[PDB]
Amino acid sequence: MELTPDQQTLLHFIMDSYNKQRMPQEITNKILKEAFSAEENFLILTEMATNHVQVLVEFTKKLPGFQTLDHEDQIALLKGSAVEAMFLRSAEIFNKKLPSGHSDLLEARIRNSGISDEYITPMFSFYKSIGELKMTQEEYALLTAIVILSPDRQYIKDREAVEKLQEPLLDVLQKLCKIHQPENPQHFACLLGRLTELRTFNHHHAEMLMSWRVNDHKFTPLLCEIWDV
């Protein structure tokens, strides 16, 4: 029922690593401050996403048992989760509580950033469905770890080794769901259910980026490796 001393140690360690990320307020203050052109926003995106990959590699390396896994499986896990992790992180920031009108302005500024209409609705639909779970910082941190350590990712040679690392994180999240939401015993499965809608973003990330209303889609050598653009 309650977290064991080992699980509490694990949760605090995941939290410290997750807190090493770019501050959510810094990101929203910039978007809310002034409206930018589609070219300016594409460049902001390119810089934010490059930094995110760097932070994600550091977060991943600290995941218990990750560095004991086969090197090629390590690359396969990172490539498989990078885009999902950025959308989960973007979903977290989008649902952070702000003063009156700010969230409507944030949404309107993102809606006009340059992305094609085709991708705006599937994106805000995912963000709002994330918000309905009223997730805590710990739930976001554990879900990111769970997303990274997915055994059913393509090109993984040893699934069972990945399975063994994901299982203790799934147990910690399950216990937190029961503690944080005792009235709703469905909460854990609802949280896991959101991972399938996250997976759909991998199929159309490349198009979502190429369809951006800009004359030239210039990416960084790190984004070219992780995104396949």
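So that the term is clear: the rigid core is the largest set of C-alpha atoms that superpose within 1.5 Å between two forms. A residue's number is simply how far along the shown sequence it sits, counting from 1.
**Student:** Name the stretch, 199-207 or 161-169, whose C-alpha atoms sit farther from the shown form on average in 9 other deposited structures of this protein, taking the rigid core as the superposition reference.
**Tutor:** It is 199-207 whose C-alphas lie farther from the shown form in 9 other deposited structures of this protein.
**Student:** Which stretch is less alike in 9 other deposited structures of this protein, 35-43 or 172-180, counting RMS CA distance after the rigid core is superposed?
**Tutor:** When 35-43 and 172-180 are compared in 9 other deposited structures of this protein, the bigger C-alpha shift is seen for 35-43.
**Student:** Averaging only over Cα atoms, indicate whether 114-122 or 84-92 has the higher B-factor in the PDB entry.
**Tutor:** In the deposited entry, the stretch with the higher C-alpha B-factor mean is 114-122.
**Student:** Name the higher of the two by mean Cα B-factor in the PDB entry, 73-81 versus 155-163.
**Tutor:** Mean CA B-factor is higher for 155-163.
**Student:** Among the choices 98, 135, 145, 106, identify the one whose CA B-factor in the record is greatest.
**Tutor:** Most elevated C-alpha B-factor of the set, per the entry: 98.
**Student:** Which one of 177, 169, 43, 192 shows the biggest C-alpha B-factor in the PDB entry?
**Tutor:** Comparing C-alpha B-factors across 177, 169, 43, 192, the top value belongs to 177.
**Student:** How does residue 35 rank on Cα B-factor within its chain, lowest, middle or highest third?
**Tutor:** Ranked within chain, residue 35 CA B lands in the highest tercile.
**Student:** Could you look up the Cα B-factor of residue 62 in the entry and say which third of the chain it sits in: lowest, middle or highest?
**Tutor:** Middle third.
**Student:** According to the PDB entry, is the CA B factor of residue 11 in the bottom, middle or top third of its chain, that is, lowest, middle or highest?
**Tutor:** Within its chain, residue 11 is a middle-third residue by C-alpha B-factor, going by the deposited values.
**Student:** Select lowest, middle or highest to describe the third in which the CA B-factor of residue 199 falls within its chain in this entry.
**Tutor:** It belongs to the middle third of the chain when residues are ordered by C-alpha B-factor.
**Student:** When the deposited Cα B-factors of this chain's modelled residues are ordered and cut into thirds, is residue 28 in the lowest, the middle or the highest one?
**Tutor:** Residue 28: CA B-factor falls in the middle third of its chain.
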